[PDB]
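Reviewing the structure listed below.
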Amino acid sequence: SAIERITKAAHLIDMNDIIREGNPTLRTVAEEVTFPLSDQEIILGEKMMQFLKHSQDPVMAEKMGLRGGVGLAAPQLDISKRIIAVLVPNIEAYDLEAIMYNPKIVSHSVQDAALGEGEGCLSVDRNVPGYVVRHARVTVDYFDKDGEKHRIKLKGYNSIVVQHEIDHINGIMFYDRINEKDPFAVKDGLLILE
Ligand SMILES: O=CN(O)CCNC(=O)c1cccc(Cl)c1Cl
Ligand code: NI
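The sequence shown maps to residues 2 to 92, 101 to 203 in the authors' numbering.
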């Protein structure tokens, strides 16, 4: 299985582990994890975070043939579990570093937001221009590796990134949220970031 292969001590996640559009796993709703977590589920989260760190390092990214990422969801590794990793750099070194189990948005703002530069996805080997319309602010519940519950409030980039990853575990892709008619339409209440 993907999870057994990926969580071997020796395994380094790379682009060959990441499934792409057309693979039905990306359009499936991922299964909640149960507590306590298995060793494999804990290792998986750690491997995912390690990947993000590798992807954000000039030398390692070059060597491993990695595209940079600020988030990753297990379904991207063909693992249909509700596990995501988020690694958003500050302009510590990170605005947000978290491995989240069963993350869930429990509140969101009326105001929407979108990155002015649009979004991309490691599972999408093409550019899809347009404003990816999301909630400006979210309150997110999740469990950490110890089954401890966290409730965090996110805004700006962090909010966008976490929503992108939660979308994956719900079978949603970033372009599902771009206005087909006018990709760069600026609706009332839409905050353009950057
Ligand atoms: O699911 C995660 N990925 O596919 C990694 C590649 N995309 C990104 O890092 C990314 C890029 C721009 C905006 C957002 Cl919100 C994200 Cl998440
Ligand atoms: Ni993605």
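All residues carry an ideal CB built from backbone N, CA and C; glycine is no exception.
query, result
"Cβ-heavy atom distance, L131 to ligand 2, below 7 Å", "yes"
"Option in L67, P76, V60, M109 with minimal Cα separation from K154", "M109"
"Closer than 7 Å: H173 CB and nearest ligand 2 heavy atom", "yes"
"Proximity test, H159 beta-carbon vs ligand 2 heavy atom, cut-off 7 Å", "no"
"3 or more residues per run - each beta strand (DSSP E) lying fully within the stretch 156-194", "158-163"
"Best match in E203, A62, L202, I85 for proximity to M50 [C-alpha to C-alpha]", "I85"
"C-alpha distance - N167 paired with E5, whole-angstrom precision", "30 Å"
"Closer than 7 Å: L45 CB and nearest ligand 1 heavy atom", "no"
"Any non-hydrogen atom of ligand 3 within 7 Å of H177 CB", "Inclusion of ligand 3 in the displayed structure is not the case, the ligand content consisting of ligand 1 and ligand 2 alone."
"According to DSSP, residues forming a beta bridge with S116", "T148"
"Burial state of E22, where buried means 16 or more other Cβ atoms lie within 10 Å", "exposed"
"Beta carbon of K162 nearer than 8 Å to that of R146", "yes"
"Rounded Cβ spacing between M16 and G70 (contact assumed at less than 8 Å)", "With 8 Å as the limit, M16 and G70 do not qualify as a contact, their Cβ atoms being about 10 Å apart."
"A74 beta carbon near ligand 1 (any heavy atom closer than 7 Å)", "yes"
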